[PDB]
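In this text, residue positions in the sequence shown follow UniProt numbering: the first is 1, and each later residue adds one.
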Amino acid sequence: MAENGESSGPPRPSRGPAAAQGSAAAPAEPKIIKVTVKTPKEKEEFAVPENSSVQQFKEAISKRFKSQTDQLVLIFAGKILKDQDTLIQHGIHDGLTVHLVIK
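Pasting the structure below:
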(Lines of atoms letter the chains of each structure in order from A and count residues from 1; the text may use other names and numbers.)
(Lines give C-alpha, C1' and ligand atoms only; values in the text may rest on other atoms or scores of the structure.)
Protein backbone atom coordinates (compact mmCIF):
# COMPACT_ATOMS: atom_id res chain seq x y z
CA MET A 1 0.00 0.00 0.00
CA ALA A 2 2.52 2.66 1.11
CA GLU A 3 4.88 1.31 3.81
CA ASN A 4 7.73 3.56 5.01
CA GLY A 5 9.58 4.39 1.77
CA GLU A 6 9.86 2.27 -1.40
CA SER A 7 13.13 1.95 -3.37
CA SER A 8 11.85 -0.91 -5.57
CA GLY A 9 11.73 -0.43 -9.37
CA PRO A 10 9.42 -2.19 -11.84
CA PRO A 11 9.19 -5.98 -11.52
CA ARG A 12 10.20 -8.31 -14.39
CA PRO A 13 6.62 -9.27 -15.32
CA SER A 14 3.75 -6.76 -15.64
CA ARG A 15 0.11 -7.59 -14.81
CA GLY A 16 -2.06 -5.74 -17.35
CA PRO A 17 -5.64 -6.00 -18.64
CA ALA A 18 -6.96 -9.58 -18.83
CA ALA A 19 -10.16 -11.64 -18.42
CA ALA A 20 -10.76 -10.72 -14.75
CA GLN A 21 -14.51 -11.21 -15.41
CA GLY A 22 -16.95 -10.45 -12.56
CA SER A 23 -20.15 -9.37 -14.35
CA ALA A 24 -21.32 -12.48 -16.24
CA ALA A 25 -23.31 -15.21 -14.42
CA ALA A 26 -21.29 -15.60 -11.19
CA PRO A 27 -22.99 -16.87 -8.01
CA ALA A 28 -21.36 -16.77 -4.55
CA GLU A 29 -23.04 -19.51 -2.46
CA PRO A 30 -25.74 -17.50 -0.67
CA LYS A 31 -26.07 -20.12 2.07
CA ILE A 32 -26.59 -17.22 4.49
CA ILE A 33 -26.12 -19.00 7.86
CA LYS A 34 -27.78 -17.34 10.89
CA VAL A 35 -25.50 -16.37 13.80
CA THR A 36 -27.05 -15.38 17.16
CA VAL A 37 -24.59 -13.01 18.90
CA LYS A 38 -25.26 -12.05 22.55
CA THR A 39 -24.05 -8.56 23.53
CA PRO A 40 -24.24 -6.43 26.68
CA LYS A 41 -27.64 -5.01 25.63
CA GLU A 42 -29.78 -7.65 23.88
CA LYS A 43 -29.69 -10.73 21.60
CA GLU A 44 -29.36 -9.94 17.87
CA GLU A 45 -28.89 -12.48 15.05
CA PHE A 46 -26.75 -11.71 11.97
CA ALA A 47 -26.83 -13.06 8.40
CA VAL A 48 -23.53 -14.11 6.78
CA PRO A 49 -22.54 -15.95 3.62
CA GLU A 50 -21.74 -19.62 4.39
CA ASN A 51 -18.32 -18.87 2.84
CA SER A 52 -17.08 -15.88 4.89
CA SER A 53 -14.22 -15.41 7.39
CA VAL A 54 -14.62 -13.99 10.92
CA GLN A 55 -12.33 -11.04 10.03
CA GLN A 56 -15.16 -9.59 7.89
CA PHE A 57 -17.96 -10.41 10.37
CA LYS A 58 -15.76 -9.10 13.22
CA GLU A 59 -15.64 -5.62 11.64
CA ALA A 60 -19.38 -5.88 10.87
CA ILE A 61 -20.50 -5.80 14.53
CA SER A 62 -17.91 -3.12 15.38
CA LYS A 63 -19.33 -0.70 12.77
CA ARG A 64 -23.05 -1.61 13.14
CA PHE A 65 -23.09 -2.61 16.84
CA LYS A 66 -20.47 0.06 17.69
CA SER A 67 -18.36 -1.46 20.49
CA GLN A 68 -14.94 -2.88 19.53
CA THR A 69 -13.10 -5.15 17.06
CA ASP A 70 -9.60 -6.34 18.09
CA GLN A 71 -10.55 -7.30 21.67
CA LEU A 72 -14.08 -8.12 20.46
CA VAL A 73 -14.45 -11.91 20.17
CA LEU A 74 -17.18 -14.58 20.50
CA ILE A 75 -17.13 -17.45 23.01
CA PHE A 76 -18.63 -20.48 21.23
CA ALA A 77 -18.89 -23.38 23.74
CA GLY A 78 -15.57 -22.20 25.25
CA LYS A 79 -13.84 -21.95 21.85
CA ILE A 80 -13.12 -18.50 20.34
CA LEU A 81 -15.47 -17.62 17.48
CA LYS A 82 -12.90 -15.24 16.00
CA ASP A 83 -10.46 -15.00 13.08
CA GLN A 84 -8.62 -18.08 14.40
CA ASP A 85 -11.35 -20.14 12.68
CA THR A 86 -14.20 -19.60 10.19
CA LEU A 87 -17.69 -18.74 11.48
CA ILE A 88 -19.31 -20.80 8.72
CA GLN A 89 -16.70 -23.53 9.33
CA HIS A 90 -17.70 -24.25 12.97
CA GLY A 91 -18.99 -21.25 14.93
CA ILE A 92 -22.32 -21.33 13.06
CA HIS A 93 -23.66 -24.40 11.23
CA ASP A 94 -27.12 -22.86 10.66
CA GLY A 95 -28.12 -20.83 13.76
CA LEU A 96 -25.89 -21.25 16.84
CA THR A 97 -25.72 -19.11 20.01
CA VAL A 98 -22.45 -17.64 21.35
CA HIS A 99 -21.53 -15.09 24.06
CA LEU A 100 -19.73 -11.84 23.10
CA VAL A 101 -16.77 -10.74 25.26
CA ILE A 102 -13.93 -8.21 24.75
CA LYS A 103 -10.60 -9.48 26.14
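Don't be surprised by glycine CBs; every beta carbon is placed ideally from N, CA and C.
Straight-line spacing of the CA atoms in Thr39 and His99 works out to 7 Å. Note on geometry: alpha-carbon atoms of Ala25 and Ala18 lie some 18 Å from one another. Nearest to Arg64 by C-alpha distance, out of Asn51, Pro27 and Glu44, is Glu44. Taking all protein chains shown into account, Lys58 has 16 or more neighbouring C-beta atoms within 10 Å of its C-beta and is therefore buried.
The beta carbon of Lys31 is closer than 6 Å to those of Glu50 in its chain, skipping five residues each way along the sequence. Note on the region 15-75: whole beta strand (DSSP E) runs with a minimum of 3 residues are 33-38 and 43-48, in chain order.
Across the structure, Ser52 and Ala77 are spaced so that their CA atoms are roughly 20 Å apart. In the DSSP annotation of this structure, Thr86 is not part of any beta strand (DSSP E), being labelled neither H nor E. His93 is bridged by DSSP to nothing; it lacks a bridge partner.
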